[PDB]
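A look at the structure
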Amino acid sequence: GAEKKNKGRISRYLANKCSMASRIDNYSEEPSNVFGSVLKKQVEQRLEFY
Amino acid sequence: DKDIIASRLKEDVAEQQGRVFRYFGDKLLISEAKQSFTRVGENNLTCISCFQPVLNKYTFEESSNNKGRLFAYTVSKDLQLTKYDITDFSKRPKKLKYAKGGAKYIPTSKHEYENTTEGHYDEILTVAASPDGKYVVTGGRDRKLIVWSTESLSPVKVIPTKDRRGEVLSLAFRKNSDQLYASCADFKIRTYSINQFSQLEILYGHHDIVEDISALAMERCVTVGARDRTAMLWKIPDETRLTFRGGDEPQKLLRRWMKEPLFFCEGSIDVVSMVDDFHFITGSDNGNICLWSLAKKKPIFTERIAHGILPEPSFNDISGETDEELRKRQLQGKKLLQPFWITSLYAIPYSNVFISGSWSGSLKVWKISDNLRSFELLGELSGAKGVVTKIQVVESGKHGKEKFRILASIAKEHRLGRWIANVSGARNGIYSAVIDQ
Amino acid sequence: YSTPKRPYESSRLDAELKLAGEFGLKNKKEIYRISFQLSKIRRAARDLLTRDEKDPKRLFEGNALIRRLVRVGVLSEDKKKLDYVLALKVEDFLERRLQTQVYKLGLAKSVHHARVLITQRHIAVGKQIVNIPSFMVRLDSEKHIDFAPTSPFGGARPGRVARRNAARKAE
Amino acid sequence: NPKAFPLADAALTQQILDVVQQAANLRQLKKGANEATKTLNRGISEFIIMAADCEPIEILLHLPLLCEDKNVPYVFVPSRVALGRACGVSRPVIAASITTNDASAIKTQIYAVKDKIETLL
Amino acid sequence: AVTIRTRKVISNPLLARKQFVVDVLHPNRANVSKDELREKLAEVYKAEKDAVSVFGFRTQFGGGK
RNA sequence: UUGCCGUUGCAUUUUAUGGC
């Protein structure tokens, strides 16, 4: 249902990016937002091939 | 007079004696070189091999074929070697000729010795221009090596390594000859004759990837493999070797310091050059620079962390917390500092001097002592912002007065892997320093 | 070679079956050969234990013996005392032979394929082509094993079947 | 005890990196964080190595909570590019795991490394 | 392409004769053809194929040298 | 000077910097 070929590989990219983001904001004891922002910029620069 | 007798001895009899004679340590001012950078946009240049024609090659009949101009050859990581004129000192190295390699140089047998296709598959690593100036050999991760003509750069012949994993990692010419010692990463060293276009002998006995090689006039080879902390010196005409190991442990270095300060163990030997036929210098993975002889196993003189230590990461990209105290503590002090492990090193043959390069932005020049058991700084060459793949020195002038041109190929990643730690503004190009007297 | 005292025990028969099976051997004589040299090596190791400590005979010949066994590799360098030579056993001796060692090194995918491509002269230890299984590669020459230069698994010409079938496909 | 606690010193770092290199050449090493946790919950993992200068640190710090649950030892090293060069691969790895295999030729070196790091912890 | 090397070159003016141990490296040839190698040996020495003489050969196991 | 992008400086070259 969620995580909205050319859609499949960007779904996988978003999947392991958000798993990594989950690791960050879980094990950091009091999390920040800046790494989420740079992950967002990474995945948008990745999908900007289209 | 006596000075002309001395100059006639120092013509060639000193170099056939094979000891360090060409002393210009204190004679060489450093701190006012003409330190010109040249940008070349071809995607991580990985080698420099200059070629100067030697006059009157041990008899007469000045040189070999223009008449008397120098050269340099260089190698990209996107499969392009380029031939530069360098002969006009205090001028930029001018690009002359070009040769690329595409996907069409992949053969169709693909599963045997035959890599007869003339160009390159991928990832050309390093060159060596022959001292008679007819050919330049090239070789990279595509398990070939090519003889290019030195004029039209036409594939004279292709020499396959005949191996599943024989990536050629460094080539070296025995000086004033055309025997070629290639250092193939299936733990072996190959020998080729260029004029016969063939393979004389393959010589085994190393222990990991033989990633750097050096040679001089007589039939020596000094190679280092990486993850075995050793250095093999091959003497061919009796077919034997000599294994010089490291052996500097940090607890014993703490014993040597504790009379009255951080240092760490040795990852890997990386680079070699040999200053004569009786001493050679290596550069390791902990920044250590070793000066070594024929007769001993331990280092004679090992300079410590040479190009300094890499800067620690910031607060902002170590943990992703919000509080600066916890992101300070996540740095763990100085404990995860790792050195500038050096990436290229070159000694002018039979000279008082050598040079070392990594991605500290700056070449470091060093002078051996007179008693040949120590060495020290001479200066600093800061225009080479980036990783130094290979340094080669070319010379001019009189019998006593010298005019040097240092040529250091600069890329923005290491010539084997990728392995950056935020390299800050590295132009792919050539550092070129005119330094005189 | 050396024959056992009571060879026809079912325990010894299952012993020879297991050792020959999981190390790829050809009869019981290989087991008996290396068991004989193991027996003489620890029978020469125990009387040095029974004599006095710091008897220079014991000191020098014990350091000689363990310097040999570390270099063969049956004795790890963390155990550099003579009673570990007593504690040594025969599967450590046939672990170091070239057949089992190349199968552990990869490039062979089964122990008997390791034996048969050794015997096809395909494998050279550094420089020298070796066509015997029972070789006992030393700890330095462990990492020197790859295919021969004059072998189609190395970098030589393709073999007989390969070029014959290539000619018949040219037909 | 900051976050990546069992950080090896220089000599133990170097011997675990050379056993990493021969494991990678023997094809007994699986590299990267998610392949590491995949082999960790497969159960074939002898010990795991993590580079404690990664960007940021939590991306592999998820691994102690699995590994000390499943009783395998875990070490930190000081450098991703050191681990990448020691894995024999072009990009910097940050996590690496030795698959258990009884047909290995590196078994005694693996066990000596394991004993040293378990006495480290 | 082969490479012939010599070793332990000891002179002997008791026979006016220079004796040595020669080792040839032929990476792919079968053998080195005694006449052909002795005339190449005379070429790398001063002269006289007819006055050079090599006699004690054996090819080591596995070929090559 | 460079595959692209930002430049000193002419009485067009010239010239050394920093982004992929």
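Reading guide: rules and limits
Residues numbered from 1 in each chain as written, not as in the entry; some residues may be left out. Chains lettered and ligands numbered in written order. Part of a larger assembly, values for the part shown. Heavy atoms only, no water. UniProt positions renumbered as here; feature names shortened; annotations may be inferred. Helix = DSSP H or I, 4+ residues; strand = E, 2+ residues; numbered from the N terminus. Buried < 20%, exposed > 50% of the residue type's maximum accessible area, 1.4 Å probe, protein only. Contact = heavy atoms within 4.5 Å. Areas by Shrake-Rupley, 256 points an atom, 1.4 Å probe, with all protein chains shown as cover. Core = buried A, V, L, I, M, F, W, Y, C linked by side-chain atoms within 4.5 Å. Buried area = accessible area lost by both parts, 1.4 Å probe. Salt bridge = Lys/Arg side-chain N within 4 Å of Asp/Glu carboxyl O. Polar contact = N/O pair within 3.5 Å; in protein donor to acceptor, adjacent residues only side chain to side chain. Nonpolar A, V, L, I, M, F, W, Y, C, P; charged D, E, K, R; others polar. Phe/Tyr/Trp six-rings, centres within 6.5 Å; stacked < 30°, edge-to-face > 60°. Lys NZ or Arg CZ within 6 Å of the ring centre and 35° of its normal. Patch = residues over 30% accessible without salt bridge, like charges linked within 9 Å, V, L, I, M, F, W, Y side chains within 5 Å. Axes fitted to C-alpha atoms, helices over the stretch in contact; angles between N-to-C directions. Parallel < 35°, antiparallel > 145°, perpendicular 65-115°, else oblique. Left-handed = near helix turned anticlockwise from the far one by under 90°. Near = heavy atom within 4 Å. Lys, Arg positive; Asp, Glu negative; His and termini not counted. Charge placed at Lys NZ, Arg CZ, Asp CG, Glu CD. 1 Å grid on protein atoms, 1.4 Å probe; cavity = no way out; pocket = protein on both sides within 12 Å on 5 of 7 lines; lining within 4 Å. Points joined across faces, edges and corners; volume = space filled by probe spheres on them. Pairing = 2+ DSSP bridges. Disulfide = S-S within 2.5 Å.

Chain E appears in the PDB entry as 40S ribosomal protein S24-A from Saccharomyces cerevisiae. The record for the entry shows the title "Cryo-EM structure of 90S small subunit preribosomes in transition states (State E)".

The PDB entry lists chain D under the name 13 kDa ribonucleoprotein-associated protein, from Saccharomyces cerevisiae. In its Subcellular location section, the UniProt entry covering chain D states "Nucleus, Nucleolus".

Another point: the overall build of chain E. Summing up its helical and strand segments, chain E has 1 helix and 2 strands in all. Each helix and strand of chain E, ordered N terminal to C terminal, gives the series β-β-α. With respect to the three principal axes, the spread of C-alpha positions in chain E is 40 × 20 × 15 Å. A burial count over chain E gives 25% of its 65 residues as buried. Restricting the contact set of chain E to residue pairs at least 6 apart, pairs at least 24 apart contribute 31%. Accessible area of chain E: about 4,700 Å², with a carbon and sulfur share of 53%.

We now examine the nonpolar core. Of all hydrophobic cores here, the largest spans 43 residues; its most connected members are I16(D), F47(D), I49(D), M50(D), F76(D) and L83(D). Looking at this core, the element that brings in the most residues is helix α1 (residues 10-25) of chain D, giving 6 residues. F76(D) has contacts with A4(D), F5(D), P6(D), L7(D), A8(D), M50(D), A52(D), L60(D) and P64(D), leaving out every residue within four places of it along the chain. In terms of nonpolar packing, the next biggest core, distinct from the first, is built from 23 residues, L25(C), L48(C), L82(C) and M136(C) among them.

Listed as interface residues are 32 residues of chain B and, on the opposing side, 29 residues of chain D. It is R227(B), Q332(B) and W419(B) that lose the most area in chain B upon contact with chain D, and together they represent 27% of the buried surface on that side. Viewed at the interface, chain D and chain B are joined by 4 salt bridges. The interface formed by chain B and chain D holds 10 residue pairs in polar contact in total. In terms of residue class, the side of chain B that touches chain D is built from 12 nonpolar, 7 polar and 13 charged.

Take the packing of aromatic side chains next. All chains considered together, the criterion is met by 17 aromatic pairs over all chains. Ring plane angle 75° and centroid distance 5.3 Å describe the contact between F301(B) and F375(B), whose orientation is recorded as edge-to-face. With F301(B) in strand β21 (residues 301-303) and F375(B) in strand β25 (residues 375-377), the pair connects residues that are 74 residues apart, well separated along the chain. Residue class for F301(B) comes out partly exposed when judged on its relative accessible area of 27%. Note on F354(B) and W366(B): the rings are 6.1 Å apart at their centroids and 5° apart in plane angle, and the pair reads as stacked. Here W366(B) lies in strand β24 (residues 364-368) and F354(B) lies in strand β23 (residues 353-357), a separation of 12 residues in the sequence. One aromatic cluster is present, formed by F301(B), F354(B), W366(B) and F375(B) through successive ring pairs. Directly above the ring of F61(E) sits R121(C), whose terminal nitrogen or CZ lies 5.9 Å from the centroid.

With that out of the way, let us pick up a nonpolar patch on the surface. Together, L47(A), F49(A) and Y50(A) give the surface a local cluster of nonpolar side chains, amounting to about 400 Å² of exposed area. Note on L47(A): relative accessible area 43%, which makes it partly exposed.

Next up on the list: the packing of α1(D) against helix α6 (residues 107-120) of chain D. All names here are of chain D. It is the contact of α1 with α6, at a shortest axis distance of 10 Å, that shows an interaxial angle of 150°. Our classification of the angle between α1 and α6 gives roughly antiparallel. By crossing handedness, the relation of α1 to α6 is classed as left-handed. Of α6, the residues touching α1 (which contributes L12, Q15, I16, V19 and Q22) are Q109, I110, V113, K116 and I117.

Right, let's talk about the interface of chain B and chain E for a bit. Taken together, the contacts link 9 residues of chain B with 9 residues of chain E. Of all residues in chain B, the largest losses of buried area upon contact with chain E belong to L200(B), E201(B) and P237(B), amounting jointly to 53% of the total for that side. The interface formed by chain B and chain E holds 2 salt bridges in total. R5(E) is the salt-bridge partner of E239(B), the closest N and O atoms lying 4.0 Å from each other. Seen at the junction of chain B and chain E, the total is 1 residue pair in polar contact.

What follows deals with the protein's contact with RNA strand F. Residues and elements named next belong to chain B. Taken together, the neighbourhood of RNA strand F is formed by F37, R39, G41, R92, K95 and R427. In the interface set of RNA strand F, defined as its atoms within 4 Å of the protein, sugar plus phosphate atoms amount to 31%. One of the side-chain N or O atoms of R92 is found 2.4 Å from a phosphate oxygen in RNA strand F. Residue composition of the surface near RNA strand F, grouped by class: 1 nonpolar, 1 polar and 4 charged.

There is a patch of like negative charges on the surface, built from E77(C), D78(C), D115(D) and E118(D). Along the polypeptide, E118(D) turns up in helix α6.

The next subject is empty space enclosed by the protein. Residue and element names in this part refer to chain B. Of the volumes computed, that of the largest cavity is approximately 150 Å³. For the largest cavity, the lining is made up of 16 residues, of which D212, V271, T343, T389 and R415 are closest to its centre. Among the secondary structure elements, those contributing two or more residues to the lining of the largest cavity are β18 (269-274), β22 (344-347) and β26 (387-397). The residue inventory of the lining of the largest cavity, partitioned by class, reads 5 nonpolar, 6 polar and 5 charged.

Moving on to the arrangement of the chains. Looking across the 7 pairs of chains in contact, one finds the most contacts between chains B and D. Considering only C-alpha positions, the minimal separation of the non-contacting chain A and chain C is 33 Å. Where chain D comes nearest to chain E, the C-alpha atoms are still 26 Å apart, and the two do not contact one another.

All names here are of chain B. The buried count for strand β8 (residues 144-149) comes to 6 of 6 residues, which makes it a mostly enclosed element. Of the two faces of β8, the one lined by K144, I146 and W148 and the one lined by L145, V147 and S149 are each fully buried. Judged from the 5 bridges that link them, strand β7 (residues 135-140) and β8 form a sheet pairing that is antiparallel. Paired with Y135 across the two strands is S149, which belongs to β8. Taken together, β7 and the strand that follows it, β8, pair antiparallel across an intervening segment of 3 residues, in which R143 is found at a positive phi of about 45°. Two strands pair when backbone bridges link them, and β8 and strand β9 (residues 155-160) are joined in this way by 5 bridges, in the antiparallel orientation. Within the sheet, the bridge partner assigned to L145 lies in β9 and is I159. In this antiparallel pair of consecutive strands, β8 and β9, the connection spans 5 residues, and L153 shows a positive phi of 55°.

Moving on: the sheet that holds strand β2 (residues 128-129) of chain C. Residues and elements named next belong to chain C. What the 3 strands build is an open sheet, ordered β2-β1-β3; its pairing is antiparallel. Two strands bound the open sheet, and with one partner strand each, they are β2 and β3 (145-147). Looking at chain direction, strand β1 (residues 123-125) and β3 are connected through 3 bridges and run antiparallel. Bridging across to β3, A124 finds its partner in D146.

All names here are of chain B. Applying the stated rule across the entire model yields 0 disulfides over all chains. Lacking any disulfide linkage, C184 is separated from the closest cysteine sulfur, that of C221, by 12 Å. We note that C290 lacks a disulfide partner, and the nearest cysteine sulfur, in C265, lies 12 Å from it.

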